[PDB]
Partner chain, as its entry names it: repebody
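Shown below, as structure tokens, is a lone chain in the form solved without the partner chain; questions about how it binds or moves come after it.
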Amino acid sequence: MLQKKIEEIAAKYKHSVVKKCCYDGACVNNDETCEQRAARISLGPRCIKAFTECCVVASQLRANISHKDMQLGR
């Protein structure tokens, strides 16, 4: 599951673009500051909470495991 709970919340967005936003969120740079690590969340509004959210849930998916769940579920 390199993106199961995140590809699901991404696809269930009321905005095709929010999909990419959550895409990075799950692929967050490393810690909390996801797009923040990027440089400055400046790709859109739905992004801020879309990516931030997918990156936070992804944050808990990768902040506790380190295998199928982490390596994949992230």
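Residue numbers count along the first chain shown, from 1.
As for the form solved in complex with the partner chain, it is not shown, yet the points below apply to it.
- In the deposited bound form, the partner chain sits within 4.5 Å of a heavy atom belonging to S42.
- Within 4.5 Å of any heavy atom of the partner chain in the deposited bound form lies no heavy atom of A58.
- Contact annotation for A63: none of its heavy atoms lies within 4.5 Å of the partner chain in the deposited bound form.
- Residue contact check for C47: one or more of its heavy atoms lie within 4.5 Å of the partner chain in the deposited bound form.
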